[PDB]
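Enquirer: Dropping the structure in here first, questions after.
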Amino acid sequence: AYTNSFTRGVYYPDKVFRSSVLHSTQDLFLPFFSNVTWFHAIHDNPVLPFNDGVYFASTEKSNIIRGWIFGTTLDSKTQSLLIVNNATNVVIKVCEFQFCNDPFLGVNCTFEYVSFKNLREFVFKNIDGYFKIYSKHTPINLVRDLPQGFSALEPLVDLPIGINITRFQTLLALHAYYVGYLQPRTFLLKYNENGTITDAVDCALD
Amino acid sequence: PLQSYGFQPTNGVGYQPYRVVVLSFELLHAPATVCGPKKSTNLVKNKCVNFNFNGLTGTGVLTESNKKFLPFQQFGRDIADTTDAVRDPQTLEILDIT
Ligand SMILES: *[C@@H]1O[C@H](CO)[C@@H](O)[C@H](O)[C@H]1NC(C)=O
Ligand SMILES: *[C@@H]1O[C@H](CO)[C@@H](O)[C@H](O)[C@H]1NC(C)=O
Ligand SMILES: *[C@@H]1O[C@H](CO)[C@@H](O)[C@H](O)[C@H]1NC(C)=O
Ligand SMILES: *[C@@H]1O[C@H](CO)[C@@H](O)[C@H](O)[C@H]1NC(C)=O
């Protein structure tokens, strides 16, 4: 399936801020007005590609998803990073684990770290060995589509790991998400009087 | 081969148990590891002065400000890489660079 990635793949280009400008740059980005693939939360865990960082979102308020499954070959012979939602701390472990056709939790270690009306909109990217956490928790009103609107993304945490680009599985629990990829496009942004992104334009769109 | 330590200090100084550490340092590809707390000096206002911040640096006068930030900024420039605004990394208080 596919839906329309209208505008919302946009983040602050670095830990770094101007005010009231129209500044241009380039990085890996979700391109504007492109297709973005839509999937289900049935009962599954399908196979999806991962192309140099993704724009990820899902409409939820009740902790359906639990995190992301990383690892270069994902069968306990790999340097596997893990993201676990706890409802207390988003914890990160870099170890070896055992994975199945449905590895989740429901109803050689080298690195450790401890920290519907809503959209938890996350972007992971891995430039030069640096794994970065770009986020936005925004409230919305409807459920079936990404709205015609605008959003910005903010940084949380840098982490030096350097492992994954090809593919993955993901986490669920027993009791719908958006996924769209990045590519190098030169842009033009806008900082407001506050220095938040309020509108931007992809150069290579039309 | 596993005959054990003879730590019976009735001998001289040559046979004494010592609280030893071995600092083993090598290099991999990920920087910004354990480093040193570089002494965290004071501030000054209303006089032109050299300054070095956490990576970026310059020279000028440091005064108050009306512009506002968010939880993430460490930098500030009005237009065309003319750096003018730093919220300080200790008091978390916004300043201008005239
Ligand atoms: C995805 O993009 C292609 C390229 O234009 C288009 O043909 C296709 O219809 C799009 N997908 C959907 C579901 O519209
Ligand atoms: C991981 O631990 C296992 C122990 O079962 C060991 O055989 C292996 O050499 C270790 N390293 C890797 C890279 O798998
Ligand atoms: C959150 O942190 C760890 C990881 O699960 C666990 O020990 C702790 O009990 C968790 N808190 C909960 C489940 O309330
Ligand atoms: C930006 O700053 C102005 C200061 O006059 C304020 O009125 C406005 O609400 C601020 N915007 C945000 C999103 O904080």
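Chains: A, B, ... in order of the structure tokens. Residues: from 1 per chain. Ligands: from 1, in order shown.
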So which residues are near ligand 1, meaning at most 9 Å away with only C-alpha atoms and all ligand atoms counted, given back as a PDB file with N, CA, C and O atoms, in the first residue's frame?
Expert:
ATOM      1  N   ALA A   1       0.832  -1.197   0.000  1.00  0.00           N
ATOM      2  CA  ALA A   1       0.000   0.000   0.000  1.00  0.00           C
ATOM      3  C   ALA A   1       0.868   1.248   0.000  1.00  0.00           C
ATOM      4  O   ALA A   1       2.076   1.172   0.215  1.00  0.00           O
ATOM      5  N   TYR A   2       0.250   2.398  -0.260  1.00  0.00           N
ATOM      6  CA  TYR A   2       0.961   3.667  -0.277  1.00  0.00           C
ATOM      7  C   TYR A   2       0.012   4.772   0.158  1.00  0.00           C
ATOM      8  O   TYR A   2      -1.199   4.682  -0.054  1.00  0.00           O
ATOM      9  N   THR A   3       0.571   5.823   0.755  1.00  0.00           N
ATOM     10  CA  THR A   3      -0.136   7.080   0.981  1.00  0.00           C
ATOM     11  C   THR A   3       0.773   8.237   0.593  1.00  0.00           C
ATOM     12  O   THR A   3       1.905   8.042   0.149  1.00  0.00           O
ATOM     13  N   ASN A   4       0.267   9.456   0.764  1.00  0.00           N
ATOM     14  CA  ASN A   4       0.948  10.654   0.292  1.00  0.00           C
ATOM     15  C   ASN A   4       1.765  11.261   1.421  1.00  0.00           C
ATOM     16  O   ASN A   4       1.210  11.849   2.352  1.00  0.00           O
ATOM     17  N   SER A  34       5.738  12.598  -2.092  1.00  0.00           N
ATOM     18  CA  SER A  34       6.074  11.277  -2.586  1.00  0.00           C
ATOM     19  C   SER A  34       5.113  10.246  -2.012  1.00  0.00           C
ATOM     20  O   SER A  34       4.325  10.538  -1.111  1.00  0.00           O
ATOM     21  N   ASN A  35       5.182   9.024  -2.543  1.00  0.00           N
ATOM     22  CA  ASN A  35       4.460   7.943  -1.897  1.00  0.00           C
ATOM     23  C   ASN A  35       5.115   7.623  -0.563  1.00  0.00           C
ATOM     24  O   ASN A  35       6.327   7.764  -0.382  1.00  0.00           O
ATOM     25  N   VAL A  36       4.291   7.198   0.381  1.00  0.00           N
ATOM     26  CA  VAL A  36       4.781   6.621   1.623  1.00  0.00           C
ATOM     27  C   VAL A  36       3.922   5.400   1.933  1.00  0.00           C
ATOM     28  O   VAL A  36       2.696   5.438   1.797  1.00  0.00           O
ATOM     29  N   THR A  37       4.576   4.297   2.279  1.00  0.00           N
ATOM     30  CA  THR A  37       3.911   3.007   2.368  1.00  0.00           C
ATOM     31  C   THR A  37       3.147   2.865   3.682  1.00  0.00           C
ATOM     32  O   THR A  37       3.658   3.207   4.753  1.00  0.00           O
TER      33      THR A  37
END
Enquirer: Please provide as a PyMOL selection string all residues within 12 Å of residue 95 in chain A, with the sequence filter that same-chain residues fewer than 2 positions apart are discarded (counting only C-alpha atoms).
Expert: chain A and resi 69-72+74-83+92-93+97-98+108-113+161
Enquirer: Step by step, measure atom-to-atom distances between ligand 4 and each residue using only C-alpha atoms and all ligand atoms, keep those at most 9 Å, then write them as an mmCIF file with N, CA and C atoms, in the first residue's frame.
Expert:
data_model
loop_
_atom_site.group_PDB
_atom_site.id
_atom_site.type_symbol
_atom_site.label_atom_id
_atom_site.label_comp_id
_atom_site.auth_asym_id
_atom_site.auth_seq_id
_atom_site.Cartn_x
_atom_site.Cartn_y
_atom_site.Cartn_z
ATOM 1 N N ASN A 192 11.498 30.801 11.915
ATOM 2 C CA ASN A 192 10.600 31.907 12.225
ATOM 3 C C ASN A 192 11.290 32.878 13.185
ATOM 4 N N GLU A 193 10.509 33.763 13.813
ATOM 5 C CA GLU A 193 11.031 34.613 14.879
ATOM 6 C C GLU A 193 11.512 33.796 16.070
ATOM 7 N N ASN A 194 10.977 32.596 16.255
ATOM 8 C CA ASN A 194 11.394 31.761 17.361
ATOM 9 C C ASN A 194 12.514 30.841 16.951
ATOM 10 N N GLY A 195 12.706 30.677 15.652
ATOM 11 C CA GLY A 195 13.698 29.759 15.159
ATOM 12 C C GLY A 195 13.200 28.338 15.201
ATOM 13 N N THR A 196 11.949 28.176 14.805
ATOM 14 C CA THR A 196 11.391 26.868 14.534
ATOM 15 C C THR A 196 11.090 26.782 13.050
ATOM 16 N N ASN B 66 16.631 39.795 24.135
ATOM 17 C CA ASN B 66 15.193 39.583 24.089
ATOM 18 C C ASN B 66 14.810 38.314 23.348
ATOM 19 N N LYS B 67 15.721 37.755 22.560
ATOM 20 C CA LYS B 67 15.423 36.570 21.774
ATOM 21 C C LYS B 67 15.346 35.343 22.671
ATOM 22 N N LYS B 68 14.514 34.388 22.270
ATOM 23 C CA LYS B 68 14.233 33.219 23.085
ATOM 24 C C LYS B 68 14.661 31.949 22.368
ATOM 25 N N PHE B 69 14.877 30.909 23.165
ATOM 26 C CA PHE B 69 15.353 29.610 22.722
ATOM 27 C C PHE B 69 14.374 28.511 23.122
ATOM 28 N N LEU B 70 14.832 27.286 22.920
ATOM 29 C CA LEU B 70 14.158 26.028 23.184
ATOM 30 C C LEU B 70 15.145 25.157 23.948
#
Enquirer: Find, counting only C-alpha atoms, the residue in A:129, A:67, A:46, A:9 that gets nearest to chain B.
Expert: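 That would be A:129, the residue with the smallest distance to chain B.
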Enquirer: How many Å separate CA of residue 89 in chain A from CA of residue 114 in chain A?
Expert: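 The value is 6.5 Å.
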Enquirer: For chain B against chain A, which residues fall within 8 Å using only C-alpha atoms, given as a list in words?
Expert: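 Interface list for chain B against chain A: residues 30, 67, 68, 69, 72, 73, 74, 75, 76, 77, 78 and 79 of chain B.
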Enquirer: Could you write out that same residue set with C-alpha atoms as an mmCIF file, in the first residue's frame?
Expert:
data_model
loop_
_atom_site.group_PDB
_atom_site.id
_atom_site.type_symbol
_atom_site.label_atom_id
_atom_site.label_comp_id
_atom_site.auth_asym_id
_atom_site.auth_seq_id
_atom_site.Cartn_x
_atom_site.Cartn_y
_atom_site.Cartn_z
ATOM 1 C CA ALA B 30 34.118 6.722 17.867
ATOM 2 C CA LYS B 67 15.423 36.570 21.774
ATOM 3 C CA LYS B 68 14.233 33.219 23.085
ATOM 4 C CA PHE B 69 15.353 29.610 22.722
ATOM 5 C CA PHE B 72 18.285 22.408 22.199
ATOM 6 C CA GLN B 73 20.162 25.501 21.020
ATOM 7 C CA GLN B 74 23.865 26.137 21.573
ATOM 8 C CA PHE B 75 24.358 28.869 18.908
ATOM 9 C CA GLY B 76 22.938 31.987 17.329
ATOM 10 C CA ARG B 77 23.377 34.183 14.271
ATOM 11 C CA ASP B 78 21.080 36.739 12.624
ATOM 12 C CA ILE B 79 22.041 36.264 8.946
#
Enquirer: Just want the residues within 10 Å of ligand 3, written as a ChimeraX atom specification, counting only C-alpha atoms and all ligand atoms.
Expert: /A:84-92,114-115
Enquirer: Give me a file of those residues, with N, CA and C atoms, as an mmCIF file, in the first residue's frame.
Expert:
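See selection.cif below for the written result:
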data_model
loop_
_atom_site.group_PDB
_atom_site.id
_atom_site.type_symbol
_atom_site.label_atom_id
_atom_site.label_comp_id
_atom_site.auth_asym_id
_atom_site.auth_seq_id
_atom_site.Cartn_x
_atom_site.Cartn_y
_atom_site.Cartn_z
ATOM 1 N N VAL A 84 13.701 -0.579 23.614
ATOM 2 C CA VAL A 84 12.618 -1.156 24.396
ATOM 3 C C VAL A 84 11.820 -0.028 25.020
ATOM 4 N N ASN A 85 10.529 0.017 24.710
ATOM 5 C CA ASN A 85 9.605 0.869 25.438
ATOM 6 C C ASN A 85 9.258 0.181 26.752
ATOM 7 N N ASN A 86 9.371 0.924 27.848
ATOM 8 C CA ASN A 86 9.157 0.389 29.185
ATOM 9 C C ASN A 86 7.928 0.987 29.856
ATOM 10 N N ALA A 87 7.427 2.103 29.310
ATOM 11 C CA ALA A 87 6.581 3.132 29.924
ATOM 12 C C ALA A 87 7.283 3.872 31.064
ATOM 13 N N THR A 88 8.562 3.588 31.299
ATOM 14 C CA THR A 88 9.406 4.317 32.231
ATOM 15 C C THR A 88 10.638 4.891 31.553
ATOM 16 N N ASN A 89 11.379 4.070 30.809
ATOM 17 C CA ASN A 89 12.607 4.502 30.156
ATOM 18 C C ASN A 89 12.747 3.818 28.809
ATOM 19 N N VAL A 90 13.025 4.610 27.777
ATOM 20 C CA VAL A 90 13.430 4.054 26.491
ATOM 21 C C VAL A 90 14.870 3.585 26.675
ATOM 22 N N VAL A 91 15.062 2.292 26.878
ATOM 23 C CA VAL A 91 16.389 1.760 27.156
ATOM 24 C C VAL A 91 16.980 1.196 25.877
ATOM 25 N N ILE A 92 18.306 1.234 25.789
ATOM 26 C CA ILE A 92 19.026 0.809 24.597
ATOM 27 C C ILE A 92 20.102 -0.174 25.026
ATOM 28 N N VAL A 114 20.394 3.897 29.340
ATOM 29 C CA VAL A 114 19.062 4.170 29.859
ATOM 30 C C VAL A 114 18.785 5.660 29.701
ATOM 31 N N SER A 115 17.545 5.986 29.348
ATOM 32 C CA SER A 115 17.135 7.378 29.218
ATOM 33 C C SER A 115 16.958 8.007 30.590
#
Enquirer: Check the smallest atom-to-atom distance from each of B:86, B:11, B:93, B:41 to residue 56 in chain B using only C-alpha atoms, then report the winner.
Expert: B:86
